[PDB]
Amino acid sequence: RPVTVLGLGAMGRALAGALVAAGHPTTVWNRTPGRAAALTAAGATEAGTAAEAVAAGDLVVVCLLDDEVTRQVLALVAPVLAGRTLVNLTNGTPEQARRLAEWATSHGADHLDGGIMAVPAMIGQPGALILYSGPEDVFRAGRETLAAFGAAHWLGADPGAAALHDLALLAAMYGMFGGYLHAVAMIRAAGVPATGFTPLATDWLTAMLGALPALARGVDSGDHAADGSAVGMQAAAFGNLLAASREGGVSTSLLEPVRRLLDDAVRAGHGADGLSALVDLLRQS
């Protein structure tokens, strides 16, 4: 398939470069000129307009700054989208992806949302993960092209499924990193190097990953059975963590929300339950 990339920022250039290096006939476009020098040198074709670029591709890959820019560029190319497949690799929300699917359908185009789980430099390597959602046959017809970026993981027909899982994985990653970064700040304040702490932390967190299936079972079942590590005891043990942080001059900012959630769970009567009881406490609607 001939392919088109709209957007030549850091990620867009990596995307186009992976397509070129795989042999796909690739046409690229970007608002600001001078971003396709190496791409054109390697075999790509730089269109002068987005509509031109779109007309030269059966599969249109979009990677712009945000969903608002995306919707603006696409509105300009709406008359030419008919019969093509739109693959939005711009980051966005699940609802924005579902709205784009309906809008694309209104202009005769297929649609897939994508959430890139890798850095630009990893694009094109088999370990690079990109999540996709949308109609299964649309993914099927395009997956060999998407494989140029790395692994292509179809999550389901819901157009918003890729963005949902992308952002949820990011939430899990930022939680883990925030806890690790607080931990290293505590040991740094005591003069202990972070390099020697990493094996202990990795072994520990690897062990903690084994607690996830039981947590998920409790969430889905509503049976918040404890694995001996109950909310009430964990709430009682958090205070030493806060005090030791203050002892070392380390801010408690990263830890306060978990403390409050634990205290709120105890107030709600969940002291004898496991952490699966914490999930529905995050509901605000």
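Residue numbers run from 1 along the displayed sequence.
Chemist: Would 120 to 128 or 81 to 89 have the larger average of its C-alpha temperature factors, as given in the entry?
Modeler: If you average the C-alpha B-factors of 120 to 128 and of 81 to 89, the larger mean comes out for 120 to 128.
Chemist: Would 199 to 207 or 163 to 171 have the larger average of its C-alpha temperature factors, as given in the entry?
Modeler: Higher of the two, by average CA B-factor, is 199 to 207.
Chemist: According to the Cα B-factor stored in this entry, which of the following is highest: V61, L254, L242, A225?
Modeler: Highest C-alpha B-factor among the listed residues goes to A225.
Chemist: Highest Cα B-factor in the deposition, which of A14, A22, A268, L261?
Modeler: Comparing C-alpha B-factors across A14, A22, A268, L261, the top value belongs to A22.
Chemist: If you rank every modelled residue in this chain by C-alpha B factor, which third holds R140: lowest, middle or highest?
Modeler: Answer is lowest: the recorded C-alpha B-factor places it there.
Chemist: If you rank every modelled residue in this chain by C-alpha B factor, which third holds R188: lowest, middle or highest?
Modeler: Lowest third - that is where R188 ends up once the chain's C-alpha B-factors are sorted.
Chemist: Among the modelled residues of its chain, does the C-alpha B-factor of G34 lie in the lowest, middle or highest third?
Modeler: It falls in the top third of the chain.
Chemist: Taking only the Cα B-factors deposited for this chain, tell me whether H182 sits in the lowest, middle or highest third.
Modeler: As the PDB entry reports it, the C-alpha B-factor of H182 lands in the lowest third of its chain.
Chemist: Relative to the other modelled residues in the chain, which third contains the C-alpha temperature factor of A216: lowest, middle or highest?
Modeler: Ranked within chain, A216 CA B lands in the middle tercile.
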